[PDB]
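Same order as they appear, the protein sequences are chains X, Z, H and E.
Sequence positions in the first sequence follow UniProt numbering and run 706 to 827, 854 to 1147.
Residue numbering for the second sequence follows UniProt numbering, starting at 952 and increasing by one per position.
Sequence positions in the third sequence follow UniProt numbering and run 557 to 620, 641 to 676, 690 to 754.
Residue numbering for the fourth sequence follows UniProt numbering, starting at 311 and increasing by one per position.
Right, one structure below, let's go through it.
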Amino acid sequence: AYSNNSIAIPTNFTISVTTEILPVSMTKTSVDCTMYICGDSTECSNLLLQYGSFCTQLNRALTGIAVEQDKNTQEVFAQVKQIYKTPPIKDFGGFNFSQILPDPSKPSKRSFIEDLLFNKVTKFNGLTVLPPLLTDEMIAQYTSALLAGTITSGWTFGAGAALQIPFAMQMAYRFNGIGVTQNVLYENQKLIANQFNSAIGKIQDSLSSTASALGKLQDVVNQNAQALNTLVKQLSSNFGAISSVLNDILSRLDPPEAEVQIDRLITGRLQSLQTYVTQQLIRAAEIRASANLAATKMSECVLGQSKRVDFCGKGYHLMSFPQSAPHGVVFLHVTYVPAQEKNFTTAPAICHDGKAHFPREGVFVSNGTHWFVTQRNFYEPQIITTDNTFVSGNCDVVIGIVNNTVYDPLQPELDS
Amino acid sequence: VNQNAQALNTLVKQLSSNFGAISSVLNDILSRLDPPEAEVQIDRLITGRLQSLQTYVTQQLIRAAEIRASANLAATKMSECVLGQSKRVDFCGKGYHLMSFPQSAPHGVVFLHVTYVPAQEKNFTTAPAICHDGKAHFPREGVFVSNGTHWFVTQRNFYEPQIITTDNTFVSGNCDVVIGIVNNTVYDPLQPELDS
Amino acid sequence: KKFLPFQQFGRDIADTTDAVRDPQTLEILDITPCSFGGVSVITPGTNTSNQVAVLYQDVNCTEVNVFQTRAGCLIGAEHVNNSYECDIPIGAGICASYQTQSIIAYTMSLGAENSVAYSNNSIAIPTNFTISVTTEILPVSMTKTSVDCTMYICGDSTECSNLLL
Amino acid sequence: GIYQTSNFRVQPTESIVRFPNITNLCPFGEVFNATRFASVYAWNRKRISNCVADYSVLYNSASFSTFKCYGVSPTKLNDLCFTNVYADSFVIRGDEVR
Ligand SMILES: *[C@@H]1O[C@H](CO)[C@@H](O[C@@H]2O[C@H](CO)[C@@H](O)[C@H](O)[C@H]2NC(C)=O)[C@H](O)[C@H]1NC(C)=O
Ligand SMILES: *[C@@H]1O[C@H](CO)[C@@H](O[C@@H]2O[C@H](CO)[C@@H](O)[C@H](O)[C@H]2NC(C)=O)[C@H](O)[C@H]1NC(C)=O
Ligand SMILES: *[C@@H]1O[C@H](CO)[C@@H](O[C@@H]2O[C@H](CO)[C@@H](O)[C@H](O)[C@H]2NC(C)=O)[C@H](O)[C@H]1NC(C)=O
Ligand SMILES: *[C@@H]1O[C@H](CO)[C@@H](O)[C@H](O)[C@H]1NC(C)=O
Ligand SMILES: *[C@@H]1O[C@H](CO)[C@@H](O)[C@H](O)[C@H]1NC(C)=O
Ligand SMILES: *[C@@H]1O[C@H](CO)[C@@H](O)[C@H](O)[C@H]1NC(C)=O
Ligand SMILES: *[C@@H]1O[C@H](CO)[C@@H](O)[C@H](O)[C@H]1NC(C)=O
Ligand SMILES: *[C@@H]1O[C@H](CO)[C@@H](O)[C@H](O)[C@H]1NC(C)=O
Ligand SMILES: *[C@@H]1O[C@H](CO)[C@@H](O)[C@H](O)[C@H]1NC(C)=O
Ligand SMILES: *[C@@H]1O[C@H](CO)[C@@H](O)[C@H](O)[C@H]1NC(C)=O
Ligand SMILES: *[C@@H]1O[C@H](CO)[C@@H](O)[C@H](O)[C@H]1NC(C)=O
Ligand SMILES: *[C@@H]1O[C@H](CO)[C@@H](O)[C@H](O)[C@H]1NC(C)=O
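Right, dumping it as structure tokens:
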């Protein structure tokens, strides 16, 4: 409903908690190539070492990935010098930070939300899986620290030491950071905590009802497992040899001529490792790109307040809370969304004593008879004054200027 | 630089492998054998070598995308950090960003980020608002604090207190709606200025 | 396993035989392949010591001054009840270092705890600052290599070159 | 650092071999020294079963002008075990053995 006289302004507002899921590392596979290609044959190994360095190169390549999956899980989570901890008294201005803070009752110090996530996500051929350097109990302590610092000290623990501040005063700096004035918190602080504690409830209802959101983590585990299972199945394939089983050929043929059969399998299997390692190197760069996006969100969104539009869900960003997940991270972004809005009238400038006035913050509106100046992102109509406005030019210069009377409180104070 | 050195050190050494042939040297086979078998030796060396290049070139193609993702990050820093100032927390060192100075390096770039870090700090009592006439006052910039005997308004990121005034505080509503509000005198400059 | 009377053996997805019937007794046997794993050597620099510890990956401390890590049976490193920054990573929270000398192994520290002096009525404000400079390094380019595929495979050889075409 | 250097592998402690514990010698002589061989257009064939098959007896025999393996090698025949053996039989000119 666009026109050159009309504006809509939010008269109400909704806090929304969103959820964003990123994968951060793969299953750290390694293989003994020689045991894959020619396991339990000194003669196959003698044939394979005519092909030289490929076995060593593939071992270096898969190791190069596994040593990076430790680095990704470190750079996303290990963004803090100290394991900050919350007080025993939950004096957070009315916010229930009990569902996302640690649960002290369980064997691993994970939250109520994290325990949903770990239950929404689901051998001898020289193949192996290496353990991650950080256990989920260590990741749950890093998310404990990052979250405990966020609640008790805002962004200030990103910059230096944690500077404590009351939670509804951190949230006043947050609101002020989106052009919505500190009093819009305090005039509604119980409503903001109601909307927030209710939205954290909707998150549990969503995550508990269905796994379907966690496709971004599950697709990674599924792709890792299908590529491993294909590397295993290709041991059974013939490649044009008289059996695929190396031990059949080692029973049935004498060395002078068995070597012409076995070369088929060595070449066939080696192409089936170079295929897997190539898939995993392209994949590990896909997961590297996501671990670097995750490290960039944890730096800018959690450890800060971002101004980057739609970078931390929809709405104007207040703060976000990290939660761990199996091979990934989950952000709960908390956003101010303008709700109820109506359109009336507006003007670019007003005229007083032939000079023209512009708002120091906010924008002029008329309710249909009178004129006010309101902060732009939430309806709060002030009397138009020489305190709420500043001056430039004269009435003849501006397109669309309106007629209005400005109140200066110095007039009554001199006149009295 | 080491990953590219290892890459060619292997690409060179893969010439010395037989891949199933009688010798690693192409001129030995062509000194030793006629076309009825020399071509059936040499097809082994091609099937080996050519797969050794399609391996190396794959590693360079994948690698170059890992370097391009750091050249694009470096160009995004030289855009936003050097030619500007960045509000993106911990993107340009630990701390608040002031400026950064770029330096060249062998196959690289180095940034000297200058950051403001809070280092010494005092605890203060605080309240979200103050009451005067039963009308409620809020900071325009900064935050209210008390030493315990007096109330001051001060900028959030460096302690520099000021006596609380109508020039430093805005008003909305009344003192019943705010939670944890306190009573204190607000200085109005205009009363001394009218009475003088 | 509940083998049916006609089954001479059973097999896994890899076509590897998991179980068999014996030709000289009416018995069905499971087959488990032999315990194996990576031998990883944990070392300081040879400038500083020739001592090493060895991690036999995924074996239970049996088949090889021994400690079980979840990564494997760790031989030659002293377990410590204190925790420190990581130095050499081992896996599943275990890290090792060369300290007063021998190799020690420990669950790694995340850094000091620092519980926050929070209350609904108190704030910390910086009275003073340090301006701090930090270096940050990024690679930008590789060496611009090129390779003559023809010369790499068939150097000086028309014989080869005719086979590569 | 930590370096992956080799692979540890438990070796076999003992060696076991098992076959169906019996003793009948196979009917190879009834084929290779038969009183009569068939015409090739109506080639004969015997199924060899339920027996220990010593192939060394045949492989060493100078009476064979050719003895030529394709799916196995001759010295391996005594190591191998079978579900069925079929010996097809006929008489051709010595040139057409190729
Ligand atoms: C925050 O909200 C949770 C509910 O989401 C509260 O936990 C419940 O506490 C009641 C008793 O007061 C129990 O009957 C429920 O079974 C609890 N819920 C669950 C899912 O365990 C929690 O006490 C609230 N905390 C604060 C500080 O208000
Ligand atoms: C807004 O009000 C001003 C008066 O404050 C109007 O200005 C007058 O316009 C008439 C002609 O229409 C002149 O004769 C007067 O001398 C003007 N007075 C002044 C003080 O300028 C102005 O025209 C009105 N504009 C609209 C859009 O209604
Ligand atoms: C809080 O700060 C005020 C000053 O802003 C301190 O009061 C002053 O104390 C000095 C030293 O005795 C006197 O010379 C000033 O005249 C006092 N000023 C006022 C306005 O009284 C006060 O003592 C400080 N409180 C605490 C607990 O340190
Ligand atoms: C502004 O929105 C209201 C609905 O709230 C609608 O009735 C009105 O026509 C709109 N105005 C314009 C100019 O489109
Ligand atoms: C905003 O609207 C909601 C209904 O969605 C209501 O519960 C809340 O009290 C309203 N807030 C204000 C400040 O009017
Ligand atoms: C803030 O007060 C607490 C009280 O327990 C104290 O331990 C802490 O060191 C104080 N902070 C500073 C910066 O002095
Ligand atoms: C702060 O918390 C205490 C309880 O420790 C309570 O008595 C006091 O009224 C609260 N003040 C505010 C402003 O919330
Ligand atoms: C193997 O020998 C034992 C002992 O004589 C006999 O009971 C068993 O049936 C034999 N097995 C076979 C398959 O002949
Ligand atoms: C090892 O390095 C130290 C420097 O930390 C040096 O002083 C010492 O001489 C070096 N030793 C050897 C054998 O290189
Ligand atoms: C191997 O370790 C497991 C650990 O759960 C233990 O239960 C088992 O008894 C151990 N076996 C031996 C032979 O030490
Ligand atoms: C570590 O300390 C505990 C006591 O808390 C003791 O029982 C244990 O034996 C000690 N372990 C070592 C390796 O010194
Ligand atoms: C057939 O008889 C000859 C002796 O005349 C003997 O040497 C040969 O081994 C016999 N062949 C077989 C298959 O037993």
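Where is the CB? At the ideal position from N, CA and C, for every residue including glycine.
If the cut is a Cβ gap below 8 Å, which residues of chain Z does residue i touch?
| i | result |
| --- | --- |
| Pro897(X) | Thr1077, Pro1079, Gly1131 |
What span of residues does the beta strand (DSSP E) with residue i cover, start to end?
| i | result |
| --- | --- |
| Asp398(E) | 395-399 |
| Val722(H) | 711-728 |
| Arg319(E) | 312-319 |
| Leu650(H) | 648-651 |
| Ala1087(X) | 1086-1090 |
| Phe782(X) | Careful: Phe782(X) lies outside any beta strand (DSSP E), inside the alpha helix (DSSP H) at 759-782. |
| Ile788(X) | 788-790 |
| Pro1143(Z) | Note, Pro1143(Z): premise wrong, no beta strand (DSSP E); alpha helix (DSSP H) at 1141-1146. |
| residue 1151(Z) | No answer is possible for residue 1151(Z): it lies beyond the span of chain Z, which begins at 952 and ends at 1147. |
| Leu1063(Z) | 1059-1076 |
| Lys733(X) | Element bounds for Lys733(X): n/a, residue is neither H nor E. |
| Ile1132(X) | Taken as a continuous stretch (DSSP letters only), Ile1132(X) belongs to no beta strand (DSSP E), as it is neither H nor E. |
For residue i, count neighbouring Cβ atoms within 10 angstroms of its own Cβ and tell me buried if that reaches 16, exposed if not.
| i | result |
| --- | --- |
| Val915(X) | buried |
| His1048(X) | buried |
| residue 684(X) | No information on residue 684(X) is available, as it lies outside the stretch 706 to 1147 that chain X covers here. |
| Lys921(X) | exposed |
| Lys1045(X) | exposed |
| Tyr695(H) | buried |
| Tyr674(H) | buried |
| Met740(H) | exposed |
| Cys760(X) | buried |
| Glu773(X) | buried |
| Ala1016(Z) | exposed |
| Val401(E) | exposed |
For residue i, which residues in chain E fall below 9 Å Cβ to Cβ?
| i | result |
| --- | --- |
| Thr768(X) | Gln314 |
| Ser982(X) | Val382, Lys386, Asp389, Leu390 |
For residue i, go through chain X and note every residue whose CB falls closer than 7 Å to its CB, in chain order.
| i | result |
| --- | --- |
| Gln965(Z) | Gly757, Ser758 |
| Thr961(Z) | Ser758, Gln762 |
| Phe1062(Z) | Those within 7 Å of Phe1062(Z) in chain X number zero; the least Cβ separation is about 16 Å. |
Which residues of chain E have a Cβ atom closer than 8 Å to the Cβ of residue i, listed in chain order?
| i | result |
| --- | --- |
| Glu988(X) | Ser383 |
| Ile993(X) | By Cβ distance, chain E contributes nothing, its closest Cβ being about 13 Å from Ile993(X), past 8 Å. |
For the alpha helix (DSSP H) that contains residue i, what are its first and last residues?
| i | result |
| --- | --- |
| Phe1103(Z) | Taken as a continuous stretch (DSSP letters only), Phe1103(Z) belongs to no alpha helix (DSSP H), being part of the beta strand (DSSP E) at 1102-1105. |
| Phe342(E) | 338-342 |
| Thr747(H) | 747-753 |
Would you mind telling me which residues of chain A sit closer than 7 Å to residue i, beta carbon to beta carbon, in chain order?
| i | result |
| --- | --- |
| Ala771(X) | Of the chains in the structure shown, none is chain A; the protein chains are X, Z, H and E. |
Report the neighbours of residue i on chain H: residues whose CB is nearer than 7 Å to its CB, in chain order.
| i | result |
| --- | --- |
| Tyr1138(Z) | Going along chain H, no residue has its Cβ under 7 Å from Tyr1138(Z), so there is no contact; the nearest lies around 21 Å. |
| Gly1059(Z) | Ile726, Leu727, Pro728, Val729 |
Residues of chain H with a CB under 9 Å from the CB of residue i: which are they?
| i | result |
| --- | --- |
| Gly1035(Z) | Per Cβ cutoff of 9 Å: no residues; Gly1035(Z) is ~16 Å from chain H at best. |
| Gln1113(Z) | Chain H residues near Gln1113(Z): none, gap ~13 Å exceeds 9 Å. |
| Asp985(Z) | By Cβ distance, chain H contributes nothing, its closest Cβ being about 11 Å from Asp985(Z), past 9 Å. |
Problem set entry | Runs of alpha helix (DSSP H) lying entirely within the region 980-1033 of chain X, each at least 4 residues, in chain order | 986-1028
Problem set entry | chain X contacts from the region 1041-1055 of chain Z (Cβ-Cβ distance under 8 Å) | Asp1041, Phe1042, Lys1045, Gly1046, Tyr1047
Exercise. Got a sec: which bits of the region 1007-1021 of chain Z sit with their beta carbon under 8 Å from any beta carbon on chain X, in order along the chain?
Worked result: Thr1009, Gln1010, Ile1013, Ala1016, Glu1017, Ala1020
Problem set entry | Near-chain Z residues of the region 809-820 of chain X (beta-carbon distance less than 7 Å), N- to C-terminal order | none
For this session: Compile a chain-ordered list of the residues in the region 722-750 of chain X whose CB is closer than 7 Å to at least one CB of chain E.
Result: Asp737, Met740
Exercise. Looking at chain E, which residues of the region 576-604 of chain H have a Cβ within less than 8 Å of any of its Cβ atoms?
Worked result: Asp578, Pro579, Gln580, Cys590, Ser591, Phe592, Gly593, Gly594, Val595, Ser596, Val597, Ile598, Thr599
Problem set entry | Short-range partners of chain X found in the region 361-388 of chain E, where Cβ spacing is below 7 Å | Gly381, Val382, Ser383, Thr385, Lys386
Problem set entry | Any alpha helix (DSSP H) of 4 or more consecutive residues that is wholly inside the region 876-938 of chain X | 887-890, 898-907, 913-917
Problem set entry | Residues within the region 314-335 of chain E neighbouring chain H, beta-carbon criterion of under 9 Å | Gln314, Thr315, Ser316, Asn317, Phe318, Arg319, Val320, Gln321, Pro322, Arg328, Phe329, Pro330, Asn331
Exercise. In the region 908-926 of chain X, which residues sit with their C-beta less than 7 Å from some C-beta in chain Z, listed in chain order?
Worked result: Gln913, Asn914, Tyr917, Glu918, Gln920
For this session: Quick one: which unbroken beta strand (DSSP E) runs of 3-plus residues sit fully inside the region 362-408 of chain E? Chain order, please.
Result: 395-399
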